[PDB]
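> Give me the fold of what follows.
(chains A, B and C, ligands or ions: 6)
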Amino acid sequence: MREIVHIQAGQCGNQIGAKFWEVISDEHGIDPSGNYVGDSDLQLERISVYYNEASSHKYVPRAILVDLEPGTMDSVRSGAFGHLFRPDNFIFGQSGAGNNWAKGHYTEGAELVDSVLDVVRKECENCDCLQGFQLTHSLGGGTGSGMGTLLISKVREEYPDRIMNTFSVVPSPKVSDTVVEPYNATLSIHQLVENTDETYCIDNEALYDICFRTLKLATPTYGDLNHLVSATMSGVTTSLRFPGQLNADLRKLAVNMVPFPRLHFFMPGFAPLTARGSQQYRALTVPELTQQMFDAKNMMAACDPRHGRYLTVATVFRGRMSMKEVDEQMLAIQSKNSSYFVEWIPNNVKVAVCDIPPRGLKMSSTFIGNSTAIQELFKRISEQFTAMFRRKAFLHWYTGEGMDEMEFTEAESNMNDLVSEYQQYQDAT
Amino acid sequence: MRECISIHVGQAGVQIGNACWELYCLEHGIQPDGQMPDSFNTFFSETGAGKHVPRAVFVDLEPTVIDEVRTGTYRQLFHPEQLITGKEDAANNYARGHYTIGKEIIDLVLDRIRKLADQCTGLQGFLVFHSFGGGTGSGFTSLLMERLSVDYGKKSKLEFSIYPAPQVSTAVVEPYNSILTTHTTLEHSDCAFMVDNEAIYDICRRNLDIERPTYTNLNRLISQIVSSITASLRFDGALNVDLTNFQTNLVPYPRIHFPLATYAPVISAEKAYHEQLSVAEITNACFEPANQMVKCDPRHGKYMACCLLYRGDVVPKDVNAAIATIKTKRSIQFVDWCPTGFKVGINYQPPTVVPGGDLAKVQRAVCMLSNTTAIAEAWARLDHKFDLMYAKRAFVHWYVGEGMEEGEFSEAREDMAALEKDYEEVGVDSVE
Amino acid sequence: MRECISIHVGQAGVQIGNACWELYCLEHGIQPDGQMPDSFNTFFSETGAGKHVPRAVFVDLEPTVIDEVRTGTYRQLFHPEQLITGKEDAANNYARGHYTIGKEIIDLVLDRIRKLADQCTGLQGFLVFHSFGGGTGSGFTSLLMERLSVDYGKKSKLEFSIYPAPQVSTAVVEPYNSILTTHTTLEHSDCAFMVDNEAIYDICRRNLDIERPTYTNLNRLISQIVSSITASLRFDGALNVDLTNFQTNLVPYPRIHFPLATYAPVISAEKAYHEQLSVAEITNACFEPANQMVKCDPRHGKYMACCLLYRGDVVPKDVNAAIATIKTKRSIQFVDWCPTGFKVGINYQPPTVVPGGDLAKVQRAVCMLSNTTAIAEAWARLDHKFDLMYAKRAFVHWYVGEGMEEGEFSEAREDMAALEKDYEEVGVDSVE
Ligand SMILES: Nc1nc2c(ncn2[C@@H]2O[C@H](COP(=O)(O)OP(=O)(O)OP(=O)(O)O)[C@@H](O)[C@H]2O)c(=O)[nH]1
Ligand SMILES: Nc1nc2c(ncn2[C@@H]2O[C@H](COP(=O)(O)OP(=O)(O)OP(=O)(O)O)[C@@H](O)[C@H]2O)c(=O)[nH]1
Ligand SMILES: Nc1nc2c(ncn2[C@@H]2O[C@H](COP(=O)(O)OP(=O)(O)OP(=O)(O)O)[C@@H](O)[C@H]2O)c(=O)[nH]1
Ligand SMILES: [Mg+2]
Ligand SMILES: [Mg+2]
Ligand SMILES: [Mg+2]
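Numbering: from 1, shown residues only, chains lettered A, B, ... in the order given. Ligands and ions are numbered 1, 2, ... in the order given. Have a look at this structure:
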């Protein structure tokens, strides 16, 4: 029960989903042909939450892959771990938005939204009990942002009761892969604060930093970053698919991490992170993982938490451990970081422990921080957009695709309102 | 002839019940298959065969824990009739577990309760096991206790509530759940037992020398407490005691019925020797505040009432001598208007060690139930937290959208203040 | 010495009879070849050899089902004399099965009935099994029952009618068939047993944990009901009961003779243990509305009469105690003018489990036959449907071209309204 439907938009979303479903299949011991050959009944007891068992004991991922270009879908169908997908799921157009949010939300999206919603409704009726949706996309490409916003709007208009998760790759401050990404980022963020339950902002800057420094890799490819994000997601949901001395679900996290409906943006963090040689030079201690999770260099969002305060903190542990040890860690870390938390929330740590570890390691930990520093990030983006809107550069594309300047005005206004709210609540005593 | 039924809400309740029924089976020599290669009549019913089943009820909204119980060792023992499961857990949201989701199966639970009651003749009371942090705990406890108190006018009702620790928390909205569920249970609970995880952690680490204890050990301890409480009914003693005796001896006023539990002896297996375990010795161990299972030093308050249940080979003369000596002490101070604050019960059956456990078998054991005024202080702390988390109106929107009013929060806070005021006011001495 | 014959109309009747005779053979230890490697004298006649044959009559217009019976396992058992077949089924058209096609073989069926009657000496009654939706069912039931009631003045006549479910339908013109056949059978049926497929579906799914039940299981249940009904005749008991006793105890007025059946216990094989199956327990199981085989909650009406047949090792003292306790309840309310609404029958023969079945063998079982006023409501629903499908005069042309008048529909509706009015009016209390 409590099945979760996976949706992927944007090229980055598709690559992340490819690696993520690879990880999931490996965890449940599912071959690329889709047959289970594992040895632990635990995997099969909750396999339904992510898979569907077709006859002859075949298993298919309950996933949807969406784009507007055939290249990425063709690549996915080409490589291994692509056969198990239902071949009818690959919805794709022919043009590709081309970093034009208006195209990805007005013209092209209006063509494939019908098929997307049809497949979504089919999947919804196919499952027993719907828990929520998790979305994968970008915020720079027009495809990702535009079509993701459109689908989120339609779905929320169709399911006001379900919980919605989004893993949006926020563009990095320093490095920008595009030229016009501030516009679409602003519009997509507007729609997200409109109709989303939680957003896991992630930057390629922070991921590159972690891969280069912590993992000691001079050549980080997209595969490595996608693998990291996949591990993060699997750790997020594993409290559902496995027993634990203190389990959590998406609803519990939503209640714990969202004090007020607007402030629902998080940052993730994973531990441990060890190189190929630097692994047997350390004891795997709950204190070690706890201290690893809390530091500037290990945050997947390019924003120093020291510049702000933590509104809420959640932690999910995997592998056997004693509760008392974790409790001691939490109390010690809250004692030493007394200046790093909001005052009006006592005991702002939400703990959860599973009982199955991440493949070959002995234990692991995932940290989800809802802090206030992230507003700084937004600030910068607005400034970028601000400059790029003062001269109205590149405006004519969106203008001739139906959008108007009032749209950008309202989007910037809403973003500034959100930043003001975040700053004000940081200053709350 | 004297039957008492169990209810388990939330994961904490289910695990506690696992430990409890494990212990009871070990006591009456009951196989996991209801066979025993009268005594058991209180808790176990007997089928046509030599198989017995426990008068237990398990309820939860997350089916994972119940599935674990079904796949656990104690599979064949339970009756799959009672293992009630839901679909989505209350998720630390009292509103979900008290207005939205609990309605889905409240009728089913009530039906099972009534069917079990009709097949019993000496129905004594209800043992409700539930935490406070979990929304399942608070919401379903409130709902079910209200329903049962509505149904049965005057029958014993006992709760084993996992009071949230002062500092070591797991959830974030624990103050809300705790305040709401306490405001609810204040009117229905005949007698509720506060237990905190932090105190048991301390006890296990310091006294049993277990540096990294798991939830299993805490469940073992609480199961021991429950077994010692009911041993008077389940067996014969030189001086037995019933639950109605407890409620008559520990409730000076209708509202003040929140005692705490303590157990002794608790020594590591390697420390089984090196002490003779005197009845006076175990008495001192019980009354030592380092062994009380709630984070409150009784030296800041007065014991309004105390009850001691001894089991094993004990003799009332030395027991009375030890108690009299205890009375002669100063820091152990009661109310002036109460001349004697001790109830004594004795059972001939010594406790039995849990196989694969951590404790060591003894010949004498003692459980203490104390209703004091120090515990009052604990409530204040929670209110403190609540106030802060209510000053900014944080997290309120979830409950609001689930069908709850802020006036409910205000009135619950007012009722908590009223209870604390009553506790403090009774704590004072009498005029002349 | 006491013989009772069976008739099966339509596919439902034939399959029900398959199950029934299967069960009877299992009871009296009868091979499919009439051998038994007195008791059986009621239902089985004996040839010159040690072979026995069942006093059964099968009639249908579609030869497929009868061919299946002939090719089934119970081939050698039946006498090919009675397996009457037609050419074209009535096809859910009461007119075809009551004016056009049924005339073709009504004489043959009557002849077989008379020949069977002449070889019997203790003729008790007729067990007619037939659905209502199928035109074969309604039409041939009306025709044959009219003929038999014309022939034999006063002899027992029992029907097991498959009342159409409130929502779960299979045909489209079910209201027409049901209304016509009920208007007909109201005057001829001594006592008819309403049974619905939806209720049995619910019972099998919830209580026997069978998520996907087939028609076979429903047939098993109904066969169990029939066997428990006749066990008093077919065997000895501390307090036996005959069909005339039933009709005298359950028919306060000549028109109101539409009871419903309920059976207990019904538990999965894996749930054979975990309960002792008390006589009070099975009594409660019977009286629980979730087990009644017709979609009507008796709490909306009053039980005008109730009869309980127990089989197995039972004792009248505890039975009487349980019944007295049942009377003390409130929601179970009868008419004021009836002081006692219970008839009791006891048989020493416990039921026997069907090999390859789904139930578990028990030592005591109880069938309940209840004549209440709640069932009246059911009729209204059908009338409702009929009215709509008659307001537009839909589908009428088939019946019109088959030799039927709209005035027949009008008069049948009027008679149904009259019966419902009588039911409601009797449901009221008495003056002073
Ligand atoms: N973290 C991560 N981000 C990626 C990866 N590959 C691409 N991206 C980001 O995703 C964006 C890709 O653009 P999309 O959102 O897919 O837009 P599109 O599908 O190409 O369609 P158009 O917008 O019309 O070009 C780029 O801006 C990158 O910043 C990856 O492997 N890992
Ligand atoms: N004594 C004891 N307490 C426990 C144990 N495990 C969990 N707890 C406490 O019980 C609470 C568990 O939450 P539940 O009451 O079960 O809530 P739930 O069933 O998950 O339903 P939701 O509230 O919607 O999440 C935690 O806050 C713990 O403090 C245990 O093993 N022993
Ligand atoms: N209890 C029970 N009822 C059944 C079963 N099979 C069919 N029925 C009911 O019986 C009806 C079958 O139609 P019949 O009465 O046999 O009609 P027929 O013999 O096909 O002749 P026509 O009416 O002309 O089609 C259906 O409407 C079902 O509701 C069964 O296995 N068990
Ligand atoms: Mg593209
Ligand atoms: Mg829960
Ligand atoms: Mg037919």
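> which helix of chain B spans the most residues?
Scanning chain B for the longest helix, with DSSP state H as the assignment, gives helix B:406-427.
> So out of everything in the stretch 51-200 of chain A, what residue is nearest ligand 5?
Residue nearest to ligand 5 within the stretch 51-200 of chain A: residue A:131 (13.1 Å; CB to the ion). (C-beta placed from N, C-alpha, C; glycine too.)
> ok, that residue to ligand 4 distance?
30 Å (CB to the ion, to the nearest Å).
> what about residue A:132, neighbour count?
Residues contacting residue A:132 under the criterion other CB atoms under 10 Å in any protein chain shown number 20.
> Surely it is within a strand?
Yes - read with DSSP: H, G, I helix; E, B strand; the rest coil, residue A:132 is one of the residues of a strand.
> Now do the SS call for the spatially most central residue of chain A.
Within chain A, one residue has its C-alpha closest to the average C-alpha position: by CA atoms, centre = their mean, that is residue A:167, at 2.3 Å. Classification of residue A:167 by three-state DSSP places it in strand.
> Which strand or helix spans the residue nearest the centre of chain B?
Nearest to the mean C-alpha position of chain B, by CA atoms, centre = their mean, lies residue B:160 at 2.2 Å. Element membership of residue B:160 [criterion: DSSP states H and E] is strand B:156-163.
> so, in contact with chain A or not, the next helix or strand after that strand?
Secondary structure here is assigned by DSSP H and E; on that basis, the next helix or strand after strand B:156-163 toward the C-terminus is helix B:174-185. Yes - where contact is defined by CB under 8 Å from any CB of the partner chain, part of helix B:174-185 touches chain A, namely B:174-175.
> Report the distance from helix B:174-185 to the chain centre.
Distance, stretch centre to chain centre, for helix B:174-185: 16 Å (CA atoms, centre = their mean, to the nearest Å).
> Next up, identify which helix or strand residue A:226 is on.
Element membership for residue A:226, per DSSP H and E: helix A:222-241.
> count of neighbours near the closest residue to ligand 1 within chain B?
For chain B, the nearest residue to ligand 1 under the criterion CB to the nearest ligand atom is residue B:172, separated by 30.1 Å. Counted with other CB under 10 Å, the neighbours of residue B:172 add up to 27.
> ok, it to residue B:93 distance?
11 Å (CB to CB, to the nearest Å).
> one step back: give the contact list for the residue of the stretch 51-200 of chain A closest to ligand 5.
Contacts for residue A:131 were tallied using CB atoms under 8 Å, 6 or more residues apart in numbering or on different chains; they are A:2-4, A:49, A:162-163, A:240, A:249-251, B:88.
> repeat for residue B:294
With CB under 8 Å, 6+ apart as the criterion, the residues that contact residue B:294 are B:163, B:194-196, B:199, B:260, B:375, B:378.
> can you rerun that using 10 Å?
Contacts for residue B:294 (CB atoms under 10 Å, 6 or more residues apart in numbering or on different chains) come out as B:163, B:165-166, B:193-196, B:198-200, B:258-262, B:370, B:372, B:374-375, B:378.
> cool, and residue B:91?
A:248-256, B:61-62, B:97, B:101, B:134-136, B:171, B:173, B:398.
> Can you tell me which of these are classed as buried?
Neighbour-count burial (16 or more other CB atoms under 10 Å in any protein chain shown) is assigned, among the contacts of residue B:91, to A:248-256, B:61-62, B:97, B:101, B:134-136, B:171, B:173, B:398.
> Now intersect those residues with the helices, please.
Using DSSP H, the members of the buried ones among the contacts of residue B:91 that fall in helices are A:250-256, B:135-136, B:398.
> And those, which is closest to ligand 3?
Among these, residue B:136 lies closest to ligand 3 (CB to the nearest ligand atom), at 42.2 Å.
> any chance you could map the strands in the chain?
In the absence of a named chain, chain A is used. Assigned by DSSP state E, the strands in chain A fall at A:3-8, A:51-54, A:58-61, A:63-67, A:91-92, A:130-138, A:163-169, A:198-200, A:265-271, A:310-318, A:349-353, A:364-371.
> Oops, wrong one, chain B.
Counting by DSSP E, one finds strands in chain B at the ranges B:3-9, B:44-46, B:52-54, B:56-60, B:83-85, B:123-131, B:156-163, B:191-196, B:260-264, B:303-312, B:342-347, B:364-372.
> Direction included, what does the fifth one pair up with?
Sheet pairing for strand B:83-85, assigned by DSSP bridges, gives strand B:56-60 (parallel).
> For the partner strand, list the C-alpha coordinates in PDB.
This file holds the C-alpha atoms of strand B:56-60, laid out as PDB (Å, rounded to 0.1, in the frame of the first residue of the first chain):
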ATOM      1  CA  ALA B  56      -5.300  -8.900  23.500                       C
ATOM      2  CA  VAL B  57      -6.200  -6.200  21.000                       C
ATOM      3  CA  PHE B  58      -3.700  -4.500  18.700                       C
ATOM      4  CA  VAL B  59      -4.500  -1.400  16.800                       C
ATOM      5  CA  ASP B  60      -2.400   0.800  14.500                       C
END
